[PDB]
Structure formats: C-alpha cells, structure tokens
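One chain comes next, on its own, written as structure tokens: the form deposited in one PDB entry.
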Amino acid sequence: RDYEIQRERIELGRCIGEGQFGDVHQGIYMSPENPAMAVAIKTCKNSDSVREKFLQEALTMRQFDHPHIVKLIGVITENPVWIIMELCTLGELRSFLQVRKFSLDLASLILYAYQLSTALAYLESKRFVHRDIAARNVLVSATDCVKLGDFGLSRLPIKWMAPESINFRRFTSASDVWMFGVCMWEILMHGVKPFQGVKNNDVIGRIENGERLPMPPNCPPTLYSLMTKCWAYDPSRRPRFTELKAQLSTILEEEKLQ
C-alpha cells in the first residue's frame, strides 16, 4: 500500500550514526494502529540528484520481508526527506560484542550466526546477491535477536571478499557465503576485524597460499570447520546458505536447547 508517512506522526530523537547521505536518528512513530512505535530515521543533509539516490535505497528494502532483516516502515518525500526504518534498539553488532565480550555466552554468539544464516538463506531463495556481508552491517534488536542492517547503509571490503570477487569481480550467492564465513569469524572473535595490520593488496596472495583466518579462542571446532567450508577456493564447493542454516541449527542446539 502507501509508504508515505505524515511528518507530524514522527517525534525525532537523538542521533545514532551517519551515512552516505546524512545523520541517522532514533525516534517515535504514532500511527492509528500500534502507536507508538520506536523507529530509526535516516536523514539526507543535501539537490534532487541525491534525493533520487536516497529514496532508491528505501525502494530496495521494500522488496524484503524477513524477521532478521530490518524493515522499511515508510518515507517522507518532502524536504527534509526522511526514511523511516524499524529500530534495532541495541545498535551496531561490533560495538555490542566488544562491550559485552565477557557477558555473552557462546550460545548467544552461535544464535546470532544462525539468525543471520536464516536471513541470508531467504535472500538466496530470492536470488538476491548482497555483496557486503560483514559484522559492521549487522544490528542488534535485543540480546537474543540480530538483523541485517539497511542495505544502503551497508554500502572495496577486500578482507571480506571471495577470491573470485577480488580477482574478477564475480559476485554470486557463493561469494556471499565466503563473506558470511568471515562475518561468523568476526562474531566468534567478539567484533575483531579480519586481517588486522595486513594491507588489502596482500590479502589475495595469502588466500592463494592456502592461508585462512585461524580458529577463534573458545570457538567449537565444528563451527570453525563450518567457517572453513565457506572459504573453499572453488565457489562451487562452498555450502549454500540453506545448508549453513541446517548445520548451524544443530551446532546451536548442541550448545543450548532452544
């Protein structure tokens, strides 16, 4: 139906980040049914050239409907242009993992990997290639719930990219699977970035030498083995996301009954 929201139904609040287009705020949305709802508000500092690209990102999220992908709520298309998104109260995943490193049990880390794999198996089933899977693009809705962030605000990430993406600019769901392996490593490392202190240009040579990100401390070997399957050099030998989801379900259940 209609995605336009009357500005008077939005109470703007504090800033919580930025983007290619401007600051992101949190706020409150009063609709006739379910008021009042907590939301994120994307703002655009500048034009009509930028207005074009800004609102196309909202269009992009319109096609998706998954419990572990942030929802588009609506848009305000008169200046100042706003995009209204579902709020993930607890913010960016990397910061959350760093702050709560010694307060999070392993079962929660595995839960986050599983939840993200369900979102990515959904995108794979829609034949949608993401190209920017990384912990920096995950949001924390609750201590038991993470979500892929807005795809526009997700937008080279060499240290996450599959070799065929680095070498030949090939992007498929199988190259997404490689990136997801790196994302899983980031989670089990409590938000450390991959290949710290390594130059981007040196990454592909290490991959082609057979080198891989090592097993994170306290990571179950079955889960690290799953990561290494995402990093098969030949993309046809990587699991599909629906297989990763099935394997993550059993790893999760063995760690803690759901």
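Heads up: residue numbers just count along the shown sequence, starting at 1. Take the two forms, find the largest set of C-alpha atoms that superpose within 1.5 Å, and that set is the rigid core.
Does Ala174 have no coordinates in at least a third of the other PDB entries examined? In all of the other entries, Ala174 has coordinates.
One third of the other compared structures is the cut-off here: is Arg155 left unmodelled in that many or more? Per the records, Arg155 goes unmodelled in at least a third of the other entries.
Counting only residues that lack coordinates, how big is the gap in the deposited sequence between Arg155 and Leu156? Pick none, 1 to 3, 4 to 9 or 10 or more. Missing residues, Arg155 to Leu156: 10 or more.
Please say, as none, 1 to 3, 4 to 9, or 10 or more, how many residues of the deposited sequence are without coordinates in the interval between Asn46 and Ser47. 1 to 3 residues are missing.
Please work out which of 175-183 and 105-113 has the higher mean CA B-factor as recorded in the PDB entry. Of 105-113 and 175-183, the stretch with the higher C-alpha B-factor average is 105-113.
Of 228-236 and 30-38, which one has the bigger average CA B-factor? Here the higher of the two C-alpha B-factor means belongs to 30-38.
If I read the C-alpha B-factors straight from the PDB entry, which of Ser125, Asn79, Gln98, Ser141 is highest? Answer for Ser125, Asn79, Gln98, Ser141: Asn79, with the highest C-alpha B-factor.
Report the option among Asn209, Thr60, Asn201, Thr222 whose CA atom has the maximum B-factor in the deposited record. Each of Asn209, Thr60, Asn201, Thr222 was compared by C-alpha B-factor; the highest is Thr60.
Chain-relative CA temperature factor third for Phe168: Middle third - that is where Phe168 ends up once the chain's C-alpha B-factors are sorted.
When the modelled residues of the chain are sorted by Cα temperature factor, does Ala246 land in the lowest, middle or highest third? Within its chain, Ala246 is a middle-third residue by C-alpha B-factor, going by the deposited values.
Third assignment of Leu55 from its chain's C-alpha B-factors: Highest third, going by the recorded CA B-factors of the chain.
Beyond the structure shown, there is the form deposited in another entry, which is absent from this document and is the topic of what follows.
If you line up the core, which of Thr143, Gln98, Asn79, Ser125 has a CA that moves 2 Å or more between the shown form and the other one? Residue with a C-alpha shift of 2 Å or more: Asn79.
Does the C-alpha of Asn34 move 2 Å or more between the shown form and the other one once the rigid core is lined up? Yes; that C-alpha moves by at least 2 Å between the shown form and the other one.
Against the rigid core, is the Cα displacement of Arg62 between the shown form and the other one at least 2 Å? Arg62 C-alpha, core-superposed: shift of less than 2 Å.
Determine whether the C-alpha of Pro239 shifts by 2 Å or more between the shown form and the other one once the rigid core is superposed. No, its C-alpha moves less than 2 Å.
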